[PDB]
Amino acid sequence: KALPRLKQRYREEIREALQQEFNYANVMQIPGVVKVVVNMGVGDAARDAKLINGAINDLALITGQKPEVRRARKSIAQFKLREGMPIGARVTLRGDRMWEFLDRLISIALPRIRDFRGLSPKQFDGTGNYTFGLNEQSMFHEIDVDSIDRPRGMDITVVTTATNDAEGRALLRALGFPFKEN
RNA sequence: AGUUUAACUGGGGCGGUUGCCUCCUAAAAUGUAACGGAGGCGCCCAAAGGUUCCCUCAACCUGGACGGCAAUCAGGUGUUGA
């Protein structure tokens, strides 16, 4: 029909490749990309919550979704933080938007960041769910670079049905993630 | 000039206290004294009430850019210690 590039590639070849690398007794034990979450934790919004709107605009122009403004769970004296205030913009991404954002990320943004010597393959939680982070936003072409007054990084996590870092790493590298060899 | 100027009080005075709520004392019903042991109240909320629906934390582990023990994100453990 009109499936995303990455998704048709996934269910055409990557599933079989993962089966070969890990002979799974059941097809439903195959790893799959559940979701990707883009956090934009901005703790600098406590003193002034005017940076959160820029975080929102950035995440929207990146992913395609209005983010969820994560109110603080707790007040912290050191971080100048009360409860309930806007610290962080989260976007959950599932399905077609997820696959499209991953293709965009891989094929555009990661080679667009300065001095891209790869992403660490050790950055797995222990359940085949990856998480890396960025220090800025201009790596996404969707943003007008002239309109970037403040750098605003993020934490991108890719959570999968994999049950270990090995299968997760296989899946991500098959999708085409830049895992440097260390 | 007429009068008032409290009481409890291990004598009285000084000090402290005086009403309400919670615990212990209190002896497994209730209740139970002491200038016995500890605290709190003299409000707040127009939602912090009503109802319908939904959810389940804290803590810990692991991974994560600033981010640090601890901000927000992900996964897991977690039947309750929040």
# chains A, B, ... in the order shown; residues from 1 in each chain; ligands from 1
>>> interface_residues(of="chain B", to="chain A", cutoff="6 Å", atoms="only C-alpha atoms (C1' of nucleotides)", output="list in words")
residues 62, 63, 64, 65, 72 and 73 of chain B
>>> residues_around(residues="residue 6 in chain B", least_positions_apart="2", cutoff="12 Å", atoms="only C-alpha atoms (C1' of nucleotides)", output="PyMOL selection string")
chain B and resi 4+8+18
>>> select_by_dssp(residues="range 29-119 of chain A", states="alpha helix (DSSP H)", output="JSON, numbers by chain")
{"A": [51, 52, 53, 54, 55, 56, 57, 58, 59, 60, 61, 62, 63, 96, 97, 98, 99, 100, 101, 102, 103, 104, 110, 111, 112]}
>>> atom_distance(atom1="CA of residue 139 in chain A", atom2="CA of residue 109 in chain A")
4.9 Å
>>> atom_distance(atom1="CA of residue 179 in chain A", atom2="CA of residue 113 in chain A")
15.0 Å
>>> atom_distance(atom1="CA of residue 168 in chain A", atom2="CA of residue 138 in chain A")
27.8 Å
>>> closest_residue(among="A:84, A:31, A:151, A:176", to="residue 105 in chain A", atoms="only C-alpha atoms")
A:176
>>> select_by_dssp(residues="chain A", states="strand (DSSP E)", output="JSON, numbers by chain")
{"A": [33, 34, 35, 36, 37, 38, 39, 40, 68, 69, 70, 71, 86, 87, 88, 89, 90, 91, 92, 93, 130, 131, 132, 133, 134, 154, 155, 156, 157, 158, 159, 160]}
>>> decode(residues="range 11-54 of chain B", atoms="N, CA and C atoms (P, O5', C5', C4', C3', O3' and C1' of nucleotides)", output="PDB file, in the first residue's frame")
ATOM      1  P     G B  11       2.863  21.375  98.856  1.00  0.00           P
ATOM      2  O5'   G B  11       1.750  22.418  99.259  1.00  0.00           O
ATOM      3  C5'   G B  11       0.563  21.988  99.890  1.00  0.00           C
ATOM      4  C4'   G B  11      -0.009  23.076 100.746  1.00  0.00           C
ATOM      5  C3'   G B  11      -0.116  24.431 100.072  1.00  0.00           C
ATOM      6  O3'   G B  11      -1.305  24.577  99.331  1.00  0.00           O
ATOM      7  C1'   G B  11       1.019  24.670 102.108  1.00  0.00           C
ATOM      8  P     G B  12      -1.236  24.913  97.770  1.00  0.00           P
ATOM      9  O5'   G B  12      -0.969  26.471  97.746  1.00  0.00           O
ATOM     10  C5'   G B  12      -1.914  27.336  98.335  1.00  0.00           C
ATOM     11  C4'   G B  12      -1.305  28.623  98.808  1.00  0.00           C
ATOM     12  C3'   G B  12      -0.605  29.467  97.770  1.00  0.00           C
ATOM     13  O3'   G B  12      -1.500  30.214  96.970  1.00  0.00           O
ATOM     14  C1'   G B  12       0.734  29.325  99.695  1.00  0.00           C
ATOM     15  P     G B  13      -1.203  30.429  95.410  1.00  0.00           P
ATOM     16  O5'   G B  13       0.030  31.413  95.398  1.00  0.00           O
ATOM     17  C5'   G B  13      -0.077  32.660  96.045  1.00  0.00           C
ATOM     18  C4'   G B  13       1.244  33.369  96.118  1.00  0.00           C
ATOM     19  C3'   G B  13       1.984  33.526  94.806  1.00  0.00           C
ATOM     20  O3'   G B  13       1.532  34.634  94.057  1.00  0.00           O
ATOM     21  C1'   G B  13       3.456  32.700  96.447  1.00  0.00           C
ATOM     22  P     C B  14       1.306  34.497  92.479  1.00  0.00           P
ATOM     23  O5'   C B  14       2.767  34.248  91.922  1.00  0.00           O
ATOM     24  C5'   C B  14       3.755  35.237  92.109  1.00  0.00           C
ATOM     25  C4'   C B  14       5.109  34.793  91.630  1.00  0.00           C
ATOM     26  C3'   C B  14       5.166  34.155  90.261  1.00  0.00           C
ATOM     27  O3'   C B  14       5.104  35.084  89.198  1.00  0.00           O
ATOM     28  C1'   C B  14       6.433  32.874  91.759  1.00  0.00           C
ATOM     29  P     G B  15       4.196  34.754  87.922  1.00  0.00           P
ATOM     30  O5'   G B  15       4.818  33.406  87.364  1.00  0.00           O
ATOM     31  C5'   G B  15       6.155  33.391  86.913  1.00  0.00           C
ATOM     32  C4'   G B  15       6.637  32.006  86.576  1.00  0.00           C
ATOM     33  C3'   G B  15       5.777  31.209  85.616  1.00  0.00           C
ATOM     34  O3'   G B  15       5.951  31.574  84.263  1.00  0.00           O
ATOM     35  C1'   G B  15       6.352  29.856  87.446  1.00  0.00           C
ATOM     36  P     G B  16       4.665  31.808  83.338  1.00  0.00           P
ATOM     37  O5'   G B  16       4.036  30.359  83.220  1.00  0.00           O
ATOM     38  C5'   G B  16       4.808  29.310  82.676  1.00  0.00           C
ATOM     39  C4'   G B  16       4.175  27.967  82.887  1.00  0.00           C
ATOM     40  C3'   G B  16       2.754  27.820  82.389  1.00  0.00           C
ATOM     41  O3'   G B  16       2.674  27.551  81.008  1.00  0.00           O
ATOM     42  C1'   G B  16       2.890  27.006  84.581  1.00  0.00           C
ATOM     43  P     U B  17       1.434  28.104  80.162  1.00  0.00           P
ATOM     44  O5'   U B  17       0.206  27.275  80.723  1.00  0.00           O
ATOM     45  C5'   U B  17       0.208  25.871  80.586  1.00  0.00           C
ATOM     46  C4'   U B  17      -0.919  25.210  81.332  1.00  0.00           C
ATOM     47  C3'   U B  17      -2.318  25.649  80.956  1.00  0.00           C
ATOM     48  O3'   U B  17      -2.801  24.994  79.800  1.00  0.00           O
ATOM     49  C1'   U B  17      -2.100  25.632  83.293  1.00  0.00           C
ATOM     50  P     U B  18      -3.883  25.703  78.860  1.00  0.00           P
ATOM     51  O5'   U B  18      -5.228  25.593  79.691  1.00  0.00           O
ATOM     52  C5'   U B  18      -5.701  24.318  80.086  1.00  0.00           C
ATOM     53  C4'   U B  18      -6.815  24.400  81.093  1.00  0.00           C
ATOM     54  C3'   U B  18      -8.141  24.896  80.538  1.00  0.00           C
ATOM     55  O3'   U B  18      -9.220  24.276  81.229  1.00  0.00           O
ATOM     56  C1'   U B  18      -7.428  26.347  82.232  1.00  0.00           C
ATOM     57  P     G B  19      -9.796  22.873  80.715  1.00  0.00           P
ATOM     58  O5'   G B  19     -10.557  23.240  79.373  1.00  0.00           O
ATOM     59  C5'   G B  19     -11.910  23.649  79.415  1.00  0.00           C
ATOM     60  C4'   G B  19     -12.450  23.970  78.052  1.00  0.00           C
ATOM     61  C3'   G B  19     -12.263  22.900  76.995  1.00  0.00           C
ATOM     62  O3'   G B  19     -13.245  21.886  77.057  1.00  0.00           O
ATOM     63  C1'   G B  19     -11.553  24.962  76.139  1.00  0.00           C
ATOM     64  P     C B  20     -12.837  20.359  76.800  1.00  0.00           P
ATOM     65  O5'   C B  20     -12.591  20.303  75.235  1.00  0.00           O
ATOM     66  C5'   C B  20     -13.597  20.743  74.344  1.00  0.00           C
ATOM     67  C4'   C B  20     -13.149  20.701  72.913  1.00  0.00           C
ATOM     68  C3'   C B  20     -12.419  19.448  72.484  1.00  0.00           C
ATOM     69  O3'   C B  20     -13.288  18.372  72.207  1.00  0.00           O
ATOM     70  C1'   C B  20     -11.220  21.320  71.752  1.00  0.00           C
ATOM     71  P     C B  21     -12.850  16.879  72.567  1.00  0.00           P
ATOM     72  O5'   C B  21     -11.787  16.539  71.448  1.00  0.00           O
ATOM     73  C5'   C B  21     -12.146  16.696  70.096  1.00  0.00           C
ATOM     74  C4'   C B  21     -10.989  16.486  69.165  1.00  0.00           C
ATOM     75  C3'   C B  21     -10.158  15.250  69.418  1.00  0.00           C
ATOM     76  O3'   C B  21     -10.763  14.075  68.926  1.00  0.00           O
ATOM     77  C1'   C B  21      -8.742  17.092  69.047  1.00  0.00           C
ATOM     78  P     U B  22     -10.625  12.703  69.735  1.00  0.00           P
ATOM     79  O5'   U B  22      -9.108  12.324  69.532  1.00  0.00           O
ATOM     80  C5'   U B  22      -8.636  12.187  68.216  1.00  0.00           C
ATOM     81  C4'   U B  22      -7.220  11.718  68.141  1.00  0.00           C
ATOM     82  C3'   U B  22      -6.719  10.827  69.244  1.00  0.00           C
ATOM     83  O3'   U B  22      -7.240   9.517  69.202  1.00  0.00           O
ATOM     84  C1'   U B  22      -5.087  12.412  68.752  1.00  0.00           C
ATOM     85  P     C B  23      -7.334   8.663  70.554  1.00  0.00           P
ATOM     86  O5'   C B  23      -5.823   8.289  70.829  1.00  0.00           O
ATOM     87  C5'   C B  23      -5.094   7.637  69.815  1.00  0.00           C
ATOM     88  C4'   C B  23      -3.645   7.476  70.156  1.00  0.00           C
ATOM     89  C3'   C B  23      -3.352   6.841  71.489  1.00  0.00           C
ATOM     90  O3'   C B  23      -3.557   5.446  71.490  1.00  0.00           O
ATOM     91  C1'   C B  23      -1.953   8.693  71.197  1.00  0.00           C
ATOM     92  P     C B  24      -4.154   4.742  72.795  1.00  0.00           P
ATOM     93  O5'   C B  24      -2.940   4.793  73.804  1.00  0.00           O
ATOM     94  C5'   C B  24      -1.700   4.262  73.397  1.00  0.00           C
ATOM     95  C4'   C B  24      -0.602   4.548  74.372  1.00  0.00           C
ATOM     96  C3'   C B  24      -0.879   4.229  75.821  1.00  0.00           C
ATOM     97  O3'   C B  24      -0.770   2.858  76.133  1.00  0.00           O
ATOM     98  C1'   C B  24       0.121   6.341  75.666  1.00  0.00           C
ATOM     99  P     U B  25      -1.755   2.226  77.223  1.00  0.00           P
ATOM    100  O5'   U B  25      -1.416   3.030  78.551  1.00  0.00           O
ATOM    101  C5'   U B  25      -0.133   2.932  79.143  1.00  0.00           C
ATOM    102  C4'   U B  25       0.037   3.869  80.307  1.00  0.00           C
ATOM    103  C3'   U B  25      -0.938   3.690  81.444  1.00  0.00           C
ATOM    104  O3'   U B  25      -0.534   2.678  82.338  1.00  0.00           O
ATOM    105  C1'   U B  25      -0.752   5.980  80.903  1.00  0.00           C
ATOM    106  P     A B  26      -1.629   1.761  83.045  1.00  0.00           P
ATOM    107  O5'   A B  26      -2.644   1.449  81.876  1.00  0.00           O
ATOM    108  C5'   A B  26      -3.620   0.451  82.038  1.00  0.00           C
ATOM    109  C4'   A B  26      -4.842   0.738  81.223  1.00  0.00           C
ATOM    110  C3'   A B  26      -4.624   1.001  79.748  1.00  0.00           C
ATOM    111  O3'   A B  26      -5.757   0.520  79.031  1.00  0.00           O
ATOM    112  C1'   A B  26      -5.670   2.845  80.709  1.00  0.00           C
ATOM    113  P     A B  27      -5.856  -1.009  78.552  1.00  0.00           P
ATOM    114  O5'   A B  27      -5.773  -1.883  79.876  1.00  0.00           O
ATOM    115  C5'   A B  27      -4.675  -2.753  80.082  1.00  0.00           C
ATOM    116  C4'   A B  27      -4.735  -3.494  81.394  1.00  0.00           C
ATOM    117  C3'   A B  27      -6.087  -4.036  81.817  1.00  0.00           C
ATOM    118  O3'   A B  27      -6.316  -5.317  81.267  1.00  0.00           O
ATOM    119  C1'   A B  27      -4.947  -3.029  83.660  1.00  0.00           C
ATOM    120  P     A B  28      -7.776  -5.814  80.832  1.00  0.00           P
ATOM    121  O5'   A B  28      -7.621  -5.950  79.270  1.00  0.00           O
ATOM    122  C5'   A B  28      -7.005  -4.905  78.556  1.00  0.00           C
ATOM    123  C4'   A B  28      -7.399  -4.889  77.111  1.00  0.00           C
ATOM    124  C3'   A B  28      -8.828  -5.290  76.825  1.00  0.00           C
ATOM    125  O3'   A B  28      -9.740  -4.235  77.036  1.00  0.00           O
ATOM    126  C1'   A B  28      -7.415  -6.508  75.435  1.00  0.00           C
ATOM    127  P     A B  29     -10.935  -4.394  78.090  1.00  0.00           P
ATOM    128  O5'   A B  29     -12.162  -3.851  77.264  1.00  0.00           O
ATOM    129  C5'   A B  29     -12.237  -4.134  75.881  1.00  0.00           C
ATOM    130  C4'   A B  29     -13.538  -3.680  75.298  1.00  0.00           C
ATOM    131  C3'   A B  29     -13.849  -2.212  75.503  1.00  0.00           C
ATOM    132  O3'   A B  29     -13.274  -1.399  74.500  1.00  0.00           O
ATOM    133  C1'   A B  29     -15.694  -3.520  76.182  1.00  0.00           C
ATOM    134  P     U B  30     -12.464  -0.073  74.893  1.00  0.00           P
ATOM    135  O5'   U B  30     -13.582   0.867  75.495  1.00  0.00           O
ATOM    136  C5'   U B  30     -14.693   1.220  74.701  1.00  0.00           C
ATOM    137  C4'   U B  30     -15.757   1.919  75.498  1.00  0.00           C
ATOM    138  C3'   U B  30     -15.297   3.052  76.390  1.00  0.00           C
ATOM    139  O3'   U B  30     -15.091   4.260  75.694  1.00  0.00           O
ATOM    140  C1'   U B  30     -16.769   1.663  77.581  1.00  0.00           C
ATOM    141  P     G B  31     -13.744   5.093  75.913  1.00  0.00           P
ATOM    142  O5'   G B  31     -13.857   5.635  77.400  1.00  0.00           O
ATOM    143  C5'   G B  31     -15.010   6.336  77.826  1.00  0.00           C
ATOM    144  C4'   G B  31     -15.102   6.433  79.324  1.00  0.00           C
ATOM    145  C3'   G B  31     -13.828   6.808  80.056  1.00  0.00           C
ATOM    146  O3'   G B  31     -13.623   8.206  80.108  1.00  0.00           O
ATOM    147  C1'   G B  31     -14.745   4.891  81.036  1.00  0.00           C
ATOM    148  P     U B  32     -12.150   8.820  79.968  1.00  0.00           P
ATOM    149  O5'   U B  32     -11.492   8.520  81.374  1.00  0.00           O
ATOM    150  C5'   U B  32     -12.149   8.902  82.563  1.00  0.00           C
ATOM    151  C4'   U B  32     -11.527   8.256  83.766  1.00  0.00           C
ATOM    152  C3'   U B  32     -10.016   8.326  83.845  1.00  0.00           C
ATOM    153  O3'   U B  32      -9.562   9.536  84.399  1.00  0.00           O
ATOM    154  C1'   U B  32     -10.728   6.124  84.260  1.00  0.00           C
ATOM    155  P     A B  33      -9.046  10.725  83.461  1.00  0.00           P
ATOM    156  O5'   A B  33      -8.464  11.756  84.505  1.00  0.00           O
ATOM    157  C5'   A B  33      -9.231  12.113  85.635  1.00  0.00           C
ATOM    158  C4'   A B  33      -8.424  12.033  86.901  1.00  0.00           C
ATOM    159  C3'   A B  33      -7.068  12.706  86.856  1.00  0.00           C
ATOM    160  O3'   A B  33      -7.154  14.092  87.114  1.00  0.00           O
ATOM    161  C1'   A B  33      -6.844  10.538  87.736  1.00  0.00           C
ATOM    162  P     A B  34      -6.357  15.146  86.209  1.00  0.00           P
ATOM    163  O5'   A B  34      -4.933  15.191  86.895  1.00  0.00           O
ATOM    164  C5'   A B  34      -4.829  15.460  88.281  1.00  0.00           C
ATOM    165  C4'   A B  34      -3.514  15.007  88.840  1.00  0.00           C
ATOM    166  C3'   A B  34      -2.286  15.467  88.084  1.00  0.00           C
ATOM    167  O3'   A B  34      -1.877  16.772  88.438  1.00  0.00           O
ATOM    168  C1'   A B  34      -2.128  13.157  88.534  1.00  0.00           C
ATOM    169  P     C B  35      -2.653  18.051  87.867  1.00  0.00           P
ATOM    170  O5'   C B  35      -1.485  18.983  87.344  1.00  0.00           O
ATOM    171  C5'   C B  35      -0.670  18.547  86.275  1.00  0.00           C
ATOM    172  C4'   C B  35       0.789  18.774  86.551  1.00  0.00           C
ATOM    173  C3'   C B  35       1.322  18.075  87.795  1.00  0.00           C
ATOM    174  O3'   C B  35       2.593  17.481  87.567  1.00  0.00           O
ATOM    175  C1'   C B  35       1.707  20.412  87.940  1.00  0.00           C
ATOM    176  P     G B  36       2.932  16.085  88.281  1.00  0.00           P
ATOM    177  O5'   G B  36       2.101  15.030  87.452  1.00  0.00           O
ATOM    178  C5'   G B  36       2.173  15.041  86.046  1.00  0.00           C
ATOM    179  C4'   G B  36       2.720  13.755  85.512  1.00  0.00           C
ATOM    180  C3'   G B  36       3.219  13.802  84.086  1.00  0.00           C
ATOM    181  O3'   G B  36       4.501  14.378  83.947  1.00  0.00           O
ATOM    182  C1'   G B  36       1.813  11.959  84.332  1.00  0.00           C
ATOM    183  P     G B  37       4.847  15.236  82.636  1.00  0.00           P
ATOM    184  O5'   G B  37       5.029  14.126  81.532  1.00  0.00           O
ATOM    185  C5'   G B  37       5.936  13.077  81.775  1.00  0.00           C
ATOM    186  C4'   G B  37       5.925  12.044  80.687  1.00  0.00           C
ATOM    187  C3'   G B  37       6.182  12.565  79.291  1.00  0.00           C
ATOM    188  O3'   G B  37       7.550  12.735  79.015  1.00  0.00           O
ATOM    189  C1'   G B  37       4.305  11.149  79.272  1.00  0.00           C
ATOM    190  P     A B  38       7.985  13.830  77.941  1.00  0.00           P
ATOM    191  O5'   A B  38       6.858  13.694  76.844  1.00  0.00           O
ATOM    192  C5'   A B  38       6.768  14.632  75.799  1.00  0.00           C
ATOM    193  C4'   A B  38       6.193  14.004  74.565  1.00  0.00           C
ATOM    194  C3'   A B  38       5.822  14.943  73.436  1.00  0.00           C
ATOM    195  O3'   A B  38       6.939  15.286  72.642  1.00  0.00           O
ATOM    196  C1'   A B  38       4.091  13.372  73.796  1.00  0.00           C
ATOM    197  P     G B  39       7.217  16.806  72.221  1.00  0.00           P
ATOM    198  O5'   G B  39       6.274  17.026  70.965  1.00  0.00           O
ATOM    199  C5'   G B  39       5.013  17.642  71.124  1.00  0.00           C
ATOM    200  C4'   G B  39       4.053  17.227  70.049  1.00  0.00           C
ATOM    201  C3'   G B  39       3.157  18.315  69.499  1.00  0.00           C
ATOM    202  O3'   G B  39       3.781  19.178  68.571  1.00  0.00           O
ATOM    203  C1'   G B  39       1.852  16.452  69.999  1.00  0.00           C
ATOM    204  P     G B  40       3.367  20.727  68.543  1.00  0.00           P
ATOM    205  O5'   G B  40       1.875  20.709  68.005  1.00  0.00           O
ATOM    206  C5'   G B  40       1.622  20.299  66.677  1.00  0.00           C
ATOM    207  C4'   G B  40       0.166  20.024  66.420  1.00  0.00           C
ATOM    208  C3'   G B  40      -0.765  21.214  66.388  1.00  0.00           C
ATOM    209  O3'   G B  40      -0.701  21.982  65.205  1.00  0.00           O
ATOM    210  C1'   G B  40      -1.735  19.532  67.678  1.00  0.00           C
ATOM    211  P     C B  41      -1.081  23.538  65.270  1.00  0.00           P
ATOM    212  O5'   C B  41      -2.617  23.522  65.641  1.00  0.00           O
ATOM    213  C5'   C B  41      -3.529  22.945  64.739  1.00  0.00           C
ATOM    214  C4'   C B  41      -4.958  23.092  65.181  1.00  0.00           C
ATOM    215  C3'   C B  41      -5.452  24.498  65.402  1.00  0.00           C
ATOM    216  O3'   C B  41      -5.707  25.181  64.195  1.00  0.00           O
ATOM    217  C1'   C B  41      -6.198  23.128  67.154  1.00  0.00           C
ATOM    218  P     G B  42      -5.348  26.732  64.062  1.00  0.00           P
ATOM    219  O5'   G B  42      -6.558  27.429  64.796  1.00  0.00           O
ATOM    220  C5'   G B  42      -7.873  27.030  64.474  1.00  0.00           C
ATOM    221  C4'   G B  42      -8.906  27.761  65.274  1.00  0.00           C
ATOM    222  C3'   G B  42      -8.765  29.279  65.272  1.00  0.00           C
ATOM    223  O3'   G B  42     -10.036  29.904  65.148  1.00  0.00           O
ATOM    224  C1'   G B  42      -8.780  28.472  67.477  1.00  0.00           C
ATOM    225  P     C B  43     -10.492  30.434  63.709  1.00  0.00           P
ATOM    226  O5'   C B  43     -10.122  29.223  62.754  1.00  0.00           O
ATOM    227  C5'   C B  43     -10.073  29.393  61.352  1.00  0.00           C
ATOM    228  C4'   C B  43      -8.769  28.899  60.785  1.00  0.00           C
ATOM    229  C3'   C B  43      -8.660  28.860  59.277  1.00  0.00           C
ATOM    230  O3'   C B  43      -8.384  30.112  58.693  1.00  0.00           O
ATOM    231  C1'   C B  43      -7.846  26.847  60.167  1.00  0.00           C
ATOM    232  P     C B  44      -8.904  30.408  57.213  1.00  0.00           P
ATOM    233  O5'   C B  44      -8.438  29.136  56.378  1.00  0.00           O
ATOM    234  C5'   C B  44      -7.090  29.007  55.967  1.00  0.00           C
ATOM    235  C4'   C B  44      -6.851  27.760  55.153  1.00  0.00           C
ATOM    236  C3'   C B  44      -7.587  27.675  53.831  1.00  0.00           C
ATOM    237  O3'   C B  44      -6.913  28.346  52.790  1.00  0.00           O
ATOM    238  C1'   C B  44      -7.856  25.655  55.009  1.00  0.00           C
ATOM    239  P     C B  45      -7.720  28.840  51.504  1.00  0.00           P
ATOM    240  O5'   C B  45      -8.451  27.530  50.984  1.00  0.00           O
ATOM    241  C5'   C B  45      -7.741  26.566  50.231  1.00  0.00           C
ATOM    242  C4'   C B  45      -8.646  25.549  49.604  1.00  0.00           C
ATOM    243  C3'   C B  45      -9.816  26.094  48.821  1.00  0.00           C
ATOM    244  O3'   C B  45      -9.442  26.525  47.529  1.00  0.00           O
ATOM    245  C1'   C B  45     -10.528  24.305  50.185  1.00  0.00           C
ATOM    246  P     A B  46     -10.031  27.874  46.893  1.00  0.00           P
ATOM    247  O5'   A B  46     -11.020  27.343  45.777  1.00  0.00           O
ATOM    248  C5'   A B  46     -12.238  26.719  46.143  1.00  0.00           C
ATOM    249  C4'   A B  46     -13.231  26.687  45.012  1.00  0.00           C
ATOM    250  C3'   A B  46     -13.255  27.912  44.117  1.00  0.00           C
ATOM    251  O3'   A B  46     -13.586  27.530  42.786  1.00  0.00           O
ATOM    252  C1'   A B  46     -15.323  27.697  45.252  1.00  0.00           C
ATOM    253  P     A B  47     -12.428  27.062  41.772  1.00  0.00           P
ATOM    254  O5'   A B  47     -11.454  26.185  42.670  1.00  0.00           O
ATOM    255  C5'   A B  47     -11.186  24.826  42.356  1.00  0.00           C
ATOM    256  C4'   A B  47     -10.612  24.090  43.540  1.00  0.00           C
ATOM    257  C3'   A B  47     -10.412  22.594  43.356  1.00  0.00           C
ATOM    258  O3'   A B  47      -9.368  22.175  44.230  1.00  0.00           O
ATOM    259  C1'   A B  47     -11.972  22.944  45.053  1.00  0.00           C
ATOM    260  P     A B  48      -8.199  21.200  43.740  1.00  0.00           P
ATOM    261  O5'   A B  48      -8.013  20.218  44.974  1.00  0.00           O
ATOM    262  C5'   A B  48      -8.833  19.069  45.085  1.00  0.00           C
ATOM    263  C4'   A B  48      -9.153  18.704  46.512  1.00  0.00           C
ATOM    264  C3'   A B  48     -10.458  19.270  47.063  1.00  0.00           C
ATOM    265  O3'   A B  48     -11.048  18.330  47.952  1.00  0.00           O
ATOM    266  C1'   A B  48      -8.665  20.022  48.383  1.00  0.00           C
ATOM    267  P     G B  49     -12.040  17.207  47.380  1.00  0.00           P
ATOM    268  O5'   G B  49     -13.472  17.782  47.711  1.00  0.00           O
ATOM    269  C5'   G B  49     -13.871  17.941  49.055  1.00  0.00           C
ATOM    270  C4'   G B  49     -15.346  18.195  49.166  1.00  0.00           C
ATOM    271  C3'   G B  49     -16.229  17.267  48.356  1.00  0.00           C
ATOM    272  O3'   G B  49     -16.513  16.058  49.024  1.00  0.00           O
ATOM    273  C1'   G B  49     -16.822  19.482  47.897  1.00  0.00           C
ATOM    274  P     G B  50     -16.589  14.694  48.200  1.00  0.00           P
ATOM    275  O5'   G B  50     -17.842  14.927  47.272  1.00  0.00           O
ATOM    276  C5'   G B  50     -19.106  15.122  47.862  1.00  0.00           C
ATOM    277  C4'   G B  50     -20.199  15.163  46.837  1.00  0.00           C
ATOM    278  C3'   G B  50     -20.154  14.059  45.806  1.00  0.00           C
ATOM    279  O3'   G B  50     -20.745  12.869  46.277  1.00  0.00           O
ATOM    280  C1'   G B  50     -20.428  16.129  44.728  1.00  0.00           C
ATOM    281  P     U B  51     -20.054  11.463  45.965  1.00  0.00           P
ATOM    282  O5'   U B  51     -20.363  11.258  44.428  1.00  0.00           O
ATOM    283  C5'   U B  51     -21.696  11.357  43.976  1.00  0.00           C
ATOM    284  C4'   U B  51     -21.785  11.489  42.488  1.00  0.00           C
ATOM    285  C3'   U B  51     -21.009  10.470  41.693  1.00  0.00           C
ATOM    286  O3'   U B  51     -21.698   9.245  41.565  1.00  0.00           O
ATOM    287  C1'   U B  51     -20.615  12.619  40.823  1.00  0.00           C
ATOM    288  P     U B  52     -20.887   7.896  41.291  1.00  0.00           P
ATOM    289  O5'   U B  52     -20.349   8.085  39.812  1.00  0.00           O
ATOM    290  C5'   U B  52     -21.254   8.044  38.728  1.00  0.00           C
ATOM    291  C4'   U B  52     -20.572   8.235  37.402  1.00  0.00           C
ATOM    292  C3'   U B  52     -19.378   7.350  37.141  1.00  0.00           C
ATOM    293  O3'   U B  52     -19.723   6.034  36.766  1.00  0.00           O
ATOM    294  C1'   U B  52     -18.852   9.553  36.527  1.00  0.00           C
ATOM    295  P     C B  53     -18.750   4.827  37.165  1.00  0.00           P
ATOM    296  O5'   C B  53     -17.433   5.135  36.335  1.00  0.00           O
ATOM    297  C5'   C B  53     -17.505   5.102  34.926  1.00  0.00           C
ATOM    298  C4'   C B  53     -16.283   5.652  34.236  1.00  0.00           C
ATOM    299  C3'   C B  53     -14.947   5.061  34.613  1.00  0.00           C
ATOM    300  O3'   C B  53     -14.719   3.766  34.098  1.00  0.00           O
ATOM    301  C1'   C B  53     -14.733   7.381  34.479  1.00  0.00           C
ATOM    302  P     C B  54     -13.767   2.755  34.898  1.00  0.00           P
ATOM    303  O5'   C B  54     -12.318   3.376  34.707  1.00  0.00           O
ATOM    304  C5'   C B  54     -11.814   3.570  33.402  1.00  0.00           C
ATOM    305  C4'   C B  54     -10.554   4.387  33.371  1.00  0.00           C
ATOM    306  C3'   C B  54      -9.393   3.879  34.197  1.00  0.00           C
ATOM    307  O3'   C B  54      -8.705   2.792  33.608  1.00  0.00           O
ATOM    308  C1'   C B  54      -9.640   6.174  34.567  1.00  0.00           C
TER     309        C B  54
END
